[PDB]
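Reading the structure
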Amino acid sequence: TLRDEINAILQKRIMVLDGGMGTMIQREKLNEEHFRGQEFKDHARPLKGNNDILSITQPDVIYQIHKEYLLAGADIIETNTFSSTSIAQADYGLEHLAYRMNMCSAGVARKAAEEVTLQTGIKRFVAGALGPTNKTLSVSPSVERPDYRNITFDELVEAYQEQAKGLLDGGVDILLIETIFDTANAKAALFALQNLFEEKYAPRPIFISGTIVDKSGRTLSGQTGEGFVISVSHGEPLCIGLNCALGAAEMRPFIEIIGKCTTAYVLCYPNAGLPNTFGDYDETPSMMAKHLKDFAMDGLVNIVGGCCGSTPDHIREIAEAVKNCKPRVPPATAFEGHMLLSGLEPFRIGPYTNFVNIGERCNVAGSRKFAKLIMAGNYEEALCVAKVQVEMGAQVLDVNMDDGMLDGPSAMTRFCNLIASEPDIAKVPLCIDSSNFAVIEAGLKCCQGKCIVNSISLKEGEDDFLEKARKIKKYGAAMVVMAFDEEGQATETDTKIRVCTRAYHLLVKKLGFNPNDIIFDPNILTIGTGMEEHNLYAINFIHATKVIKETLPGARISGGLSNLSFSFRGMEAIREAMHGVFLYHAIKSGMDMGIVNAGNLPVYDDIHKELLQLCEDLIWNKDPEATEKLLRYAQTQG
Ligand SMILES: CN1c2c(O)nc(N)nc2NC[C@@H]1CNc1ccc(C(=O)N[C@@H](CCC(=O)O)C(=O)O)cc1
């Protein structure tokens, strides 16, 4: 296929990509009549500056620019479709034509590519460019309305799907999500591409390239390079990298950092230096070629090119410079065994990582303060609960909005949108927890990074679980699988192990799920309720954690720690004591993380020795009278 053909070329030599199409169009200096052409002569809105309309109004100019770039030495030419969505064309009144413009841009690029391929013998490729659009999902249009968004995930999915329909019907060889200002927009474009590839169309290679705005190393939406790579690698792009907004000397460290984090190829086409006082990126082609050759000799990049300021002279110099350079070899074992989560910053859970705290207090059903703030509509002050959780040591935040008084999806969308507006909250990943899958989808469609979906299970059959898991994989997030099946909630050790194994072998063998993205919850259940059947639950969880960790490769283990101490509510210190003891024994068992009260977990050594012994007796059922003894000990604290 096309992906194999491109991958074969990328292994032997470095590939050169198009260049500054807008810069070439600027030297043409077309006027309003030239932009309109004959067909749009009486169009009610101005079309000057709309470079995408030239594909139907001035095909000759676009074709000549493509031929110039290809004869310069470029191997891949982007289509003139940077603003060819219905949303981007809404400024020009050309919403209905987004399919037509994409089709004609693909055709006019393909004719030039075929002509140059015939004339030179070197096969050329056409990359369908999908622009970032002026609308942002992860950033509010106004400072005073942080939770407000003027565009939704579904609208952008529809627009990008129409654009990609136009591009694929025109016959592009590569799809290129470029100049990503918002990682959520890139995820929406990937979602649309997955819809198209799973409905009718054979897959095409996908090139993803972000944009580091400043020397701070973060995109426009605030995500770092590693976080961006983690977020957008669920679609498995053939190439990843950066473009524009920076010169090579300013882009080199970020390119190295990205190259060391992904097993995909690295594409880098930066601006031709900094703009001068006149506004022209004046870095000469020779200096650009030398900078890209320094990039290539170090093994930093695999695809080179130029963003704004790159004329075909720059492309000729770059192509002749990188002609003899040896390509980058991707690291095949990039963070093997780790679980790769992300918010604004990467969060990797490896085999030698400590216990990961997940903040339980952002739960409507299980936090009195959070529920009190949410039902009043005061999400602004309910964000302070997550702030305190992160300040207190929570590495992941668990979000739950399940209540009959609340509209689930709307509340979860608003809370995720408000979370994204706060930097220190947004750097840690989120845990999407809800019994309704609509709320889970609403949470996944508002997240910038890679989150965890909580509470998926075999409760409603194999087919429903499989469909939900397929949707989660398409969204590309991590997911927790409960030990819950058609017979009910798992309580015995053997039943927990059987349910977890059955869930695991479905996901990996049939759905092809990533084993490092699966988290198993053997259902920590309350003990010491006064009922003798409930006294073995902690032991069952610990043994199930043992067997699951030593029999299911790559699968993590988590659970709700506070569930174990429901019988002793109001007696907080004893609850923290059992939490410490159970955490000690479960981490010795293999519990990788858990939804826990982040700052209220004492270490096993500073627990009071008498209370330590009482909690050990209760949890391990060493004494049939343990629960009443612990209650009496609590009563002695009067
Ligand atoms: C049900 N349990 C759970 C689970 O067992 N397994 C998974 N995967 N996910 C989850 N998510 C929800 C839940 C864990 N979260 C919890 C569990 C318990 C509490 C809790 O004890 N809250 C206190 C009040 C909290 C307060 O106001 O301070 C209470 O009185 O009940 C608070 C949060």
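- Structure determination for this entry is recorded as cryo-EM, at 2.84 Å resolution.

1. Examining the side chain of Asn50
- Positionally, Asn50 belongs in the loop between α3 (32–36) and α4 (54–57).
- The contacts of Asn50, once residues within four sequence positions are left out, are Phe35, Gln89, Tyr92 and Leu94.

2. Remarks on the state of the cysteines
- Counting across every chain of the model gives 1 disulfide.
- The disulfide bridge from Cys244 ends at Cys307, spanning 2.0 Å between sulfur atoms. With the S-S bond torsion at 70 degrees, the cross-link from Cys244 to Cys307 turns out right-handed. Remark: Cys307 occurs in the loop between β8 (303–305) and α12 (312–321) and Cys244 occurs in the loop between β6 (239–243) and α10 (248–259); sequence separation between them is 63 residues. Grouping residues by exposure puts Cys244 and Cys307 together as buried.
- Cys447 forms no disulfide, and the closest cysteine sulfur to it belongs to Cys451, at a distance of 3.5 Å.
- By relative accessible area, which is 10% here, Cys447 ends up buried.

3. Observations regarding the pairing of strand β9 (residues 339–342)
- For β9 and strand β10 (residues 346–349), the ladder comprises 4 bridges, and the chain directions are antiparallel. Bridge pairing in β10 links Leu340 to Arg348.
- Taken together, β9 and the strand that follows it, β10, pair antiparallel across an intervening segment of 3 residues.

4. Observations concerning the sheet that holds strand β19 (residues 556–557)
- Pairing is parallel in the open sheet, where 8 strands are placed in the order β19-β18-β15-β14-β13-β12-β11-β20. Edge positions in the sheet fall to β19 and β20 (593–596), since each of these pairs with one other strand and no more.
- Bridge analysis of strand β11 (residues 356–359) against β20 gives 4 bridges, and the strand direction is parallel. Paired with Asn357 across the bridge in β20 is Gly594.

5. Structural notes on the nonpolar core
- Counting 182 residues, the largest nonpolar core has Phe415, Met479, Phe520 and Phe582 as the members making the most contacts within it.
- Residue-level mapping places this core at the junction of two domains, with at least three residues from each of domain 1 (2–21 + 66–321) and domain 2 (353–601).
- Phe415 has contacts with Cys362, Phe370, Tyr379, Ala382, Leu383, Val399 and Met401, leaving out every residue within four places of it along the chain.
- Of all hydrophobic cores here, the second largest spans 19 residues; its members include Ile9, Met15, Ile76 and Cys307.

6. Section: the packing of helix α5 (residues 59–72) against helix α6 (residues 98–120)
- As a packed pair, α5 and α6 sit with axes 9 Å apart at the nearest point and diverge in direction by 40 degrees. When the axes of α5 and α6 are compared, the pair comes out oblique. Crossing geometry of α5 relative to α6 is assigned as right-handed. Contacts between α5 and α6 pair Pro59, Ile62, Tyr63, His66, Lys67, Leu70 and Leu71 from the former with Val108, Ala109, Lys111, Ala112, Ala113, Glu115, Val116 and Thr120 from the latter.
- When its residues are assigned to classes, the contact of α5 with α6 shows 10 nonpolar, 2 polar and 3 charged.

7. Some remarks on the domain arrangement of the protein chain
- Split into domains, the protein chain comes out as domain 1 (2–21 + 66–321) and domain 2 (353–601).
- Of the roughly 1500 Å² buried at the junction of domain 1 and domain 2 (both faces included), carbon and sulfur atoms supply 52%.
- Our enumeration of links across domain 1 and domain 2 arrives at 4 salt bridges.
- The partner of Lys445 in a salt bridge is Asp154, and the shortest N-O contact between them spans 3.2 Å.
- The interface formed by domain 1 and domain 2 includes 9 residue pairs in polar contact.

8. Side note on the site of the ligand
- Near the ligand lie 14 residues; those nearest to it are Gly366, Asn454, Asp521, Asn563 and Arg569.
- The contact in question runs from a nitrogen atom of the ligand to an N or O atom on the side chain of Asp521, over 2.4 Å.
- Take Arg575: an N or O atom from its side chain is 3.2 Å from an oxygen atom of the ligand.
- Isolated, the ligand exposes 700 Å² of accessible area, and the fraction of that covered by the protein chains is 73%.

9. Focus on the pairing of strand β18 (residues 518–521)
- Both faces of β18 are covered, namely the face carrying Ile518 and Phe520 and the face carrying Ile519 and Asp521.
- One ladder, built from 2 bridges, connects β18 with β19; its direction is parallel. Across the sheet, residue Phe520 finds its bridge partner in β19, namely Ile557.
- For the segment spanning β18, helix α20 (residues 537–551) and β19, crossover handedness is right-handed.

10. Overview of the packing of helix α11 (residues 285–297) against α12
- Between α11 and α12, the least distance of the axes is 8 Å, while the angle of their chain directions is 35 degrees. In terms of crossing hand, the pair formed by α11 and α12 is right-handed. Contacts between α11 and α12 pair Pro285, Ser286, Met288, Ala289, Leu292 and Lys293 from the former with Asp313, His314, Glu317, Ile318 and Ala321 from the latter.
- Here the contact of α11 with α12 is built from residues that sort into 6 nonpolar, 2 polar and 3 charged.

11. Side note on the packing of aromatic side chains
- What the rule picks out here adds up to 8 aromatic pairs.
- Pairing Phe370 with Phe415 gives two aromatic rings, centres 5.2 Å apart and planes at 80 degrees, and the pair type is edge-to-face. With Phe370 in helix α13 (residues 368–375) and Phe415 in helix α15 (residues 408–420), the pair connects residues that are 45 residues apart, well separated along the chain.
- For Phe415, a relative accessible area of 0% corresponds to the buried category.
- Each ring, one from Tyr379 and one from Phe415, has its centre 6.4 Å from the other, and the planes form 55 degrees; the classification is tilted. Of this pair, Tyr379 sits in helix α14 (residues 379–392) while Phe415 sits in helix α15, and the two are 36 residues apart along the sequence. Like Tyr379, the residue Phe415 is buried in the burial classification.
- Through pairs of rings, three or more aromatic residues link up here, namely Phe153, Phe191 and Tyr475.
- Above the ring of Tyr148, the side-chain terminus of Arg145 is found at 3.9 Å from the ring centroid.
- In this structure, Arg348 packs its charged tip against the face of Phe335, placed 4.0 Å from the ring centre.

12. Some remarks on a nonpolar patch on the surface
- A contiguous nonpolar patch, built from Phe181, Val213 and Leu220 and spanning about 230 Å² of accessible area, is present on the exposed surface.
- By the secondary structure assignment, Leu220 is in the loop between β5 (206–210) and α9 (225–232).
- On the basis of relative accessibility, which here comes to 44%, the residue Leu220 falls in the partly exposed class.

13. As for a negative patch on the surface
- Taken together, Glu532, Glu533, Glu625 and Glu628 make up a surface patch of like negative charges.
- Structurally, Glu628 can be placed in helix α23 (residues 626–635).
- Under the relative-accessibility criterion, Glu628 is labelled partly exposed at 33%.

What counts as what
Here, residue numbers run from 1 along each chain following its sequence as written; these need not agree with the numbering used in the entry, and residues that have no coordinates do not appear. Only hydrogens and water are set aside when side-chain values are computed; all heavy atoms of the structure are taken into account. Secondary structure elements follow DSSP: runs of H or I of four or more residues count as helices, runs of E of two or more count as strands, with numbering from the N terminus. Should any heavy atoms of two residues lie within 4.5 Å, those residues are considered in contact. Note on terminology: disulfide denotes any pair of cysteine sulfur atoms within 2.5 Å. Residue burial is assigned from relative accessible area. The probe radius is 1.4 Å, only protein chains are included, and a residue is buried under 20% of its type maximum, exposed over 50%, and partly exposed in between. Pairing between two strands requires that DSSP report at least two bridges joining them. Take the buried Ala, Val, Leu, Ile, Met, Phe, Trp, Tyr and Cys residues and link them wherever side-chain atoms come within 4.5 Å; each set so joined is a nonpolar core. Boundaries between domains were set according to an automatic or database domain assignment. Here the axes come from fitting lines to C-alpha atoms, over the contacting stretch only for helices, and the angles between their N-to-C directions go from 0 to 180 degrees. Angles below 35 degrees are treated as roughly parallel, those above 145 as roughly antiparallel, those between 65 and 115 as roughly perpendicular, and all remaining angles as oblique. Crossings are classed by handedness, with left-handed meaning an anticlockwise turn of the near helix from the far one by less than a right angle and right-handed meaning a clockwise turn. Under the scheme applied here, ten amino acids are nonpolar (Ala, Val, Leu, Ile, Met, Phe, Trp, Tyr, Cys and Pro), four are charged (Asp, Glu, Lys and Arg), and all others, including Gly, are polar. Buried area counts how much accessible surface, traced with a 1.4 Å probe, disappears from two parts once they are put together, with both parts' losses summed. For salt bridges, the criterion is a side-chain nitrogen of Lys or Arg within 4 Å of an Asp or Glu carboxyl oxygen. The term polar contact refers here to a pair of N or O atoms within 3.5 Å; inside protein, the definition further demands a hydrogen-donor-capable atom paired with an acceptor-capable atom, and it admits residues adjacent in sequence only when both atoms are side-chain atoms. Near, as used in this document, describes a residue that has one of its heavy atoms within 4 Å of the molecule or strand being considered. Note on areas: these come from Shrake-Rupley sampling with a 1.4 Å probe, and a residue is covered only by the protein chains present in the view. A crossover gets the label right-handed when its path from the first strand over the helix to the second runs clockwise, viewed with the strands pointing away from the viewer. Stacked, edge-to-face and tilted labels apply to pairs of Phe, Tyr and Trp rings (six-membered ring for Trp) whose centres lie within 6.5 Å, assigned for plane angles under 30 degrees, over 60, and everything in between, in that order. A positively charged side chain is recorded as over a ring if its NZ (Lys) or CZ (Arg) lies within 6 Å of the ring centre. The angle to the ring normal must also be within 35 degrees. Patch membership requires more than 30% relative accessible area and the absence of a salt bridge. Residues of like charge join within 9 Å; the nonpolar side chains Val, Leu, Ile, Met, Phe, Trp and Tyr join within 5 Å. The convention is simple: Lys and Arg are positive, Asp and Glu are negative, and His and the chain ends are not counted. Charged groups are reduced to one reference atom each: NZ for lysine, CZ for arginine, CG for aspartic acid, CD for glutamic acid.

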